[PDB]
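J.: please find the sequence and an experimentally derived structure below.
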Amino acid sequence: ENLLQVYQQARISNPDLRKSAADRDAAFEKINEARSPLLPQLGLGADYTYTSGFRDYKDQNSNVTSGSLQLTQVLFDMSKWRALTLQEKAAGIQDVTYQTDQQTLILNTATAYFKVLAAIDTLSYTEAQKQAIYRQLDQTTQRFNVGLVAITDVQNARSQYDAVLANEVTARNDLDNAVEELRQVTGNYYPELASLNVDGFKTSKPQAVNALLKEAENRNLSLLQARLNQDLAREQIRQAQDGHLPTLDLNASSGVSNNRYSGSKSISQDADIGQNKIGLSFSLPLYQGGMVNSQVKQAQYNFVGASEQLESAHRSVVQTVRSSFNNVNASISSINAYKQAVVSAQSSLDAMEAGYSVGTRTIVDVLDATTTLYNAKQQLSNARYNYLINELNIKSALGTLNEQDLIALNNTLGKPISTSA
Amino acid sequence: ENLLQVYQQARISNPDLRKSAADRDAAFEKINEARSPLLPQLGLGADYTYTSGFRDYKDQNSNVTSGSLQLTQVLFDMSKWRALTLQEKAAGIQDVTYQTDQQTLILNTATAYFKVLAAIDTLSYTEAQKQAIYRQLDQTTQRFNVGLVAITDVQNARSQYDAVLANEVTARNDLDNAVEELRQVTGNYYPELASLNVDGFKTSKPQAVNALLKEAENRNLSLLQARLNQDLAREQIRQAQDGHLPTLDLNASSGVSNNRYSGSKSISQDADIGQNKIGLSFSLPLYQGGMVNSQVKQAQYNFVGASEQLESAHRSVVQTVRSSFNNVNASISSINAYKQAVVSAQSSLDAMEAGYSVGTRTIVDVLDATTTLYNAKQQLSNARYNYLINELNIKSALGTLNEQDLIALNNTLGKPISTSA
Amino acid sequence: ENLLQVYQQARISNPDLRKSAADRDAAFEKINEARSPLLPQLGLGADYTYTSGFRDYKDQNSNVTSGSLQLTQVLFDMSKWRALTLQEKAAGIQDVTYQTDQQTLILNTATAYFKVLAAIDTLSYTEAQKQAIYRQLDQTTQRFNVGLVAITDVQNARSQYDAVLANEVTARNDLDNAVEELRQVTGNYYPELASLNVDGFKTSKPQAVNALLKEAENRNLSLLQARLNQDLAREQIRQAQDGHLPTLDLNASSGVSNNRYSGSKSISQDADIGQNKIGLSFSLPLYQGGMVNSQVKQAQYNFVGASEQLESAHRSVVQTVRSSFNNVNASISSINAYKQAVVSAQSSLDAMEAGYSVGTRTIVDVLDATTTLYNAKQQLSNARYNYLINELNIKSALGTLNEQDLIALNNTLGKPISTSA
């Protein structure tokens, strides 16, 4: 149909993106799950015991029926506060991952679309190669039936034709499997896609690499995730440090009991009482053997690990940006080179035909020139499509990949073409 | 030896499969580990305190020697029941993974076997190519020593011979490394394997793709694992919902104590008592700040995630099945094409020899035709072996991969051949 | 600059290695975190309640102000001891992983260095190929302007020149991206590297494969990690078995309270008391429903799993060693073969030039011979560099990879060469 519509259908019906969204929302709710303990923790309890006497208390039994409405509340517990902040930061991380999955979806959809298109172009060029080989083979066959050309040329052409047939089979299989991958990405089978407009296709030199690097270190996603994890490790250090601190707990209750002491020797008086109390509960772990002073060092070493992960991510980002810039410029230069190559190879094929007419060159040279020509055409098409893919990879490293780049692309796509075979 | 015996030795002595089996059994025992808490939790305790008086209780000491035979039991705790069911479902999942590992073992063993065989065939064809090149080179050398052919042809043939030597070295290394991988899979080194019977080799068109897809969505393993995980997520939702519910606990004891109050101001009476009691313990978390109402939403979002994983698995399965069907048909068509190509290339080589005898064609064309012929033979052999591998991949996507398919294959294998070099 | 200096800069400024070191130290501190509980666990508590009377205790209130200096200590708890030993073993495992990361760093640095060098050599040979093609094209152009050669040869040469231009573009891009990867590894951009000294380059047959296998099974790192995990599983079995055992706990306190009973019906006497006690606390889980007898079976099955992982690691090690030995010998044989091929191809190119002068051979054959010659040169260079890489892979499987092997290598490197283009 088109690239934009394909991305729409994907975004609407892609499961990996939906799973990342689910995880994001699950984290944003784990936030409340962690806020819970800082809120009142009202409860309720009961009991019914039957005490007896095994020795020295013989015949002194009892029948209790107790209830309780225990309530709890936390006035100072920094560990829970830090866990809450940690969960907020993890939610931010999962949001970043959702963004990354959006970008990955756009990129994979475009990659599959252009793989399908390159497969179509390759199949068409291979079929054209086969047709040209068959034309030459038929010419030689007729000129042999009359008595001009020898069986040698016929057999050479037959061999080349068979090889081309095998290559065509391979190309058809590749095209079908590419359509299947496109389906796996989007969900539907596309019998007609939007082709490329080479009559107006043009390449634009990318922007300065230093500006790309600034925009990347500012807006990239893996780097952002790394620095978020660094902040998370800092907060973990603080969480561990908070182990040295006290923990208040405003308790409360509405206790009630119904004692019914029984037995012969039972002397105590049956009492049905109710006890309501409200009090605090301090705590201060003076010493624990080194749990806190060890968790702190662990958290500091994990913070070091996160800092090093951040540096590694910066290096990977620089590599990605530089490689994408370089291979974009390379795709441009190769487009130009393969254009010149196609022109020169068509000229050389005409010259080889002239020579075969004369007698200098041989049909094998003609067929090799034809193969070279059509291989050059294939390489040119693949270079165009790789240029597009590499532009997208650039815009991905920058984290500025969105439907707008896909619109800029779709502006390029022109007439439709079938995925048949 | 043969493919069936190789698979037997593997299944008997493959460590990855054994590890998956170990994990399966570990889960089936974690079942009982989780059933435990629902069973009585009898225990035993003791104590020996020496109380004193810091202020207002001075000279009022004590010496207690207490014992206890605490017993516990759970009459209503849905969280534990749901954990038990969860562990049962995880055991089912691990069983599915064990099945998947069985299939993967069969497939990897066959892949390695056929890689070794293709390496042997490639090495043999390369050696034959070298021998033909040397025959032509010796013919030219003699015809030059007599004074017919020029040094030019000798040097061309020498160059081609050297290139073939290098390719032969590469092929020998590949064969040896393939034998080593086969060993890594099975455990033993195989100096004689069972070759292919091309004199009776034939290709059977696979069954309809729609029937394949039905059988796959019914019997595939990744899809089954995905739906099992979906059910697991449902049970997790119920487990979380169960947080709103009460929790009974039938307590019990046989308490005994021996108080020996000491001190000058000690007025209480020394008592050696025994207290046996049996009672219940209700519980009802009216409010907790949102822990349950948050765990529930988390579980619902994880259920959504599992549903999306299931859809992704369905898509991947469709892709796998369609790709396997397509590349099977492609292997058939390529077998036929490369057969025709080998025939035509042998004919063209004979024609080039005739031409070199005449004077039209040149020795370079002869050697290029020979190289084409033997490359075509290599491609044909590799196409056969890939057809077999792709049949196996089909039967894997369907989840119907077992020793029976390997027997159907081994029926194909014929005379033995050595892995030497 | 050089290989040794590059490895120095890497080791000093590589983030992955630093992260592995951080994890190692974090484990060696988790050791103390786990030793903690076996040490005194002094604490401190307080309380302030206001009891009332709901029914039958009306007007019998209270105002307590309690304190406590609870102390704890563990005299027999085998679970904690086994956890301590487990953490020690995990620290050993992480140390092994740090060693593995050191080796991986050395190997990746060398791989990137030699990839860059091979890219430089390939680019230079491609530029030389282009220059030779242009020389032949200019000769033909002049001989056509005078009236000797036909437009046919001119066009053939033009086509070949264009193809070479495209290949040169690809090579330049590959070189730049390789330099970028080298940067990602080390941290700095290297405009001048140390080239290879082919004038004294030589290959040494590796040592016997059986000795390699002994040294590997003795000093390899994955195998060592596997057996360490096996021992860890044994200790886990013992940890689970320890669930049957008792658990003493030397309690202690310095309790103090200030009761201020209030109310009209309040008859009890206000008391400000202090209670200091010190006692033990036994424990003996006679029955638990099968938790211990199930954890034990789980640990035994996990021990089986670790044993199978160990066997798999042994097999993978054997495969790695045998493959490295084989492909080293293959690199040697291919070096020799490609040397002979380069010599013979240069001779054949001279012969083709002579023939074109005569009239037998054609310019297409000349250019094909030139392409073959320079492809052979590329293959020779790549074979040298792969021989070096495979020597390093050998020394890696043996676990004997260190700065000394890099020094042995750097001894090979000679004059410098630029990474420009």
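T.: Okay, I see it. Numbering: from 1, shown residues only, chains lettered A, B, ... in the order given.

J.: show me the strands in chain A, by range?
T.: Residue ranges of the strands in chain A, as given by DSSP state E, are A:45-49, A:66-68, A:192-196, A:251-253, A:256-258, A:272-274, A:277-279, A:413-418.

J.: give me the angle between the longest one and strand A:192-196.
T.: Strand A:413-418 runs at 140 degrees relative to strand A:192-196, counting by axes from the mean of the first three to the mean of the last three CA atoms, to 10 degrees.

J.: find the nearest non-adjacent residue to residue A:380, please.
T.: Across the structure, with CB to CB, 6 or more residues apart in numbering or on different chains as the measure, the residue nearest residue A:380 apart from its sequence neighbours is residue A:338 (4.0 Å). For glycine as for every other residue, the C-beta is placed from the backbone atoms N, C-alpha and C.

J.: how about the one you found, what does it touch?
T.: A:376, A:379-380, A:383, C:162, C:166 (CB atoms under 8 Å, 6 or more residues apart in numbering or on different chains).

J.: what residues does the stretch 151-300 of chain A have near chain C?
T.: Residues of the stretch 151-300 of chain A lying close to chain C by CB under 8 Å from any CB of the partner chain are A:251, A:254, A:256, A:271-291, A:294-295, A:297-298.

J.: only the buried subset of those residues, as a PyMOL command please.
T.: In PyMOL, a selection of the buried entries from those looks like this (16 or more other CB atoms under 10 Å in any protein chain shown):
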select buried, chain A and resi 251+254+256+273+274+275+276+277+279+281+282+283+285+288+289+290+291+294+295+297+298
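
J.: restricted to helices, list the residues of the stretch 151-300 of chain A next to chain C.
T.: Assignment to helices by DSSP state H places the following of these there: A:291, A:294-295, A:297-298.

J.: want to throw these into a markdown table with distance to residue B:151?
T.: As requested, these are exported to a markdown table (distance: CB to CB, whole Å):
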| residue | distance to residue B:151 |
| --- | --- |
| A:291 | 87 |
| A:294 | 82 |
| A:295 | 82 |
| A:297 | 78 |
| A:298 | 77 |
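
J.: centre-most residue in chain A?
T.: The central residue of chain A, meaning the one whose C-alpha is nearest the mean C-alpha position (CA atoms, centre = their mean), is residue A:101 at 4.2 Å.

J.: quick check: the residue nearest to it when sequence neighbours are not counted vs residue A:105, distance?
T.: Closest residue in space to residue A:101, ignoring its immediate chain neighbours: residue A:20 at 4.3 Å, by CB to CB, 6+ apart. The span separating residue A:20 from residue A:105 equals 9 Å under the rule CB to CB, to the nearest Å.

J.: comparing those two, which residue is more hemmed in?
T.: The neighbour comparison of residue A:20 against residue A:105 (other CB atoms under 10 Å in any protein chain shown) goes to residue A:20, with 23 against 19.

J.: which residues are in contact with that one?
T.: When contacts are counted by CB under 8 Å, 6+ apart, residue A:20 is found next to A:94, A:97-98, A:101.

J.: can you check residue A:228 too?
T.: Counting by CB under 8 Å, 6+ apart, the residues that residue A:228 touches are A:89, A:92-93, A:96.

J.: could you dump those into CSV with neighbour count and distance to residue A:393 added?
T.: Converted to CSV, those look like this (neighbours: other CB atoms under 10 Å in any protein chain shown; distance: CB to CB, whole Å):
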residue, neighbour count, distance to residue A:393
A:89, 19, 29
A:92, 18, 26
A:93, 19, 24
A:96, 20, 19
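
J.: which one of the residues you listed is nearest chain C?
T.: Taking CB to the nearest CB as the measure, chain C lies nearest residue A:93 of the contacts of residue A:228, at 17.8 Å.

J.: settle this for me: the closest one is touching residue A:226, isn't it.
T.: No - under the criterion of CB atoms under 8 Å, residue A:93 lies out of contact with residue A:226, with a separation of 10.0 Å.

J.: which one is residue A:91 nearest to, not counting chain neighbours?
T.: Leaving aside its chain neighbours, residue A:91 sits nearest to residue A:27 (4.2 Å; criterion: CB to CB, 6+ apart).

J.: how many neighbouring residues does the one you found have?
T.: Counted by other CB under 10 Å, the residues lying close to residue A:27 total 22.

J.: tell me if I'm right that residue A:151 and residue A:144 touch.
T.: Yes - contact status for residue A:151 versus residue A:144: in contact at 6.5 Å, counting by CB under 8 Å.

J.: how about the contacts made by the residue nearest to residue A:191 when sequence neighbours are not counted?
T.: Leaving out its chain neighbours, the residue that sits closest to residue A:191 by CB to CB, 6+ apart is residue A:419, at 5.7 Å. For residue A:419, the contact set (CB under 8 Å, 6+ apart) comprises A:116, A:120, A:175, A:179, A:190-193.

J.: same thing with residue A:309?
T.: A:226, A:229, C:15, C:19.

J.: most widely separated two among the residues you listed?
T.: For those, with distances taken as CB to CB, the pair at the greatest spread is A:229 and C:15 (13.2 Å).

J.: now the phi/psi pair for the residue nearest to residue A:43 when sequence neighbours are not counted, please.
T.: Setting aside the residues directly before and after it, residue A:43 is nearest to residue A:70 in space (CB to CB, 6+ apart), at 4.8 Å. Dihedral angles of residue A:70 (phi, psi; degrees, to the nearest 10) stand at phi -50, psi 140.

J.: check which residues of stretch A:411-419 are buried.
T.: So stretch A:411-419, judged by 16+ other CB under 10 Å, has buried residues A:412-413, A:417, A:419.

J.: just the helices in the stretch 201-350 of chain A please.
T.: In chain order, the stretch 201-350 of chain A shows helices spanning A:209-219, A:221-241, A:291-358, with DSSP state H, counting those that start in this stretch as the criterion.

J.: got these as TSV, with distance to residue C:208 columns?
T.: Putting these into TSV (distance: least, CB to CB, whole Å) gives the following:
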stretch	distance to residue C:208
helix A:209-219	51
helix A:221-241	46
helix A:291-358	40
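
J.: so for stretch A:331-347, what gets flagged as buried?
T.: In stretch A:331-347, counting by 16+ other CB under 10 Å, buried: A:331-338, A:340-342, A:344-347.

J.: which positions in the stretch 301-421 of chain A make contact with chain B?
T.: So the stretch 301-421 of chain A meets chain B at A:362, A:364 (CB under 8 Å from any CB).

J.: give me that answer again for 6 Å
T.: Proximity of the stretch 301-421 of chain A to chain B, by CB under 6 Å from any CB of the partner chain, involves residues residue A:364.

J.: can you name the residue of the stretch 301-421 of chain A nearest chain B?
T.: Among the residues of the stretch 301-421 of chain A, residue A:364 lies nearest to chain B; the distance is 6.0 Å by CB to the nearest CB.

J.: any idea how far that residue is from chain C?
T.: Distance check for residue A:364 against chain C: by CB to the nearest CB, to the nearest Å, it reads 10 Å.

J.: what is the burial count for that residue?
T.: By the criterion of other CB under 10 Å, residue A:364 has 25 neighbours.

J.: next: residue A:376.
T.: Other residues within reach of residue A:376 by the criterion other CB under 10 Å amount to 25.

J.: hmm, residue A:339 and it touching each other?
T.: No - here residue A:376 lies out of contact with residue A:339, judged by CB atoms under 6 Å, at a distance of 9.0 Å.

J.: contacts only, for the closest residue to chain B within the stretch 51-200 of chain A.
T.: Evaluated by CB to the nearest CB, the stretch 51-200 of chain A has residue A:54 as its residue closest to chain B, separated by 2.8 Å. If a contact means CB atoms under 6 Å, 6 or more residues apart in numbering or on different chains, then residue A:54 has B:274, B:276 as its contacts.

J.: distance check, it against residue B:277.
T.: Counting by CB to CB - residue A:54 and residue B:277 are separated by 10 Å.

J.: residue A:261 reaches residue A:61, doesn't it?
T.: No - using CB under 6 Å, residue A:261 is not in contact with residue A:61; the gap is 7.2 Å.
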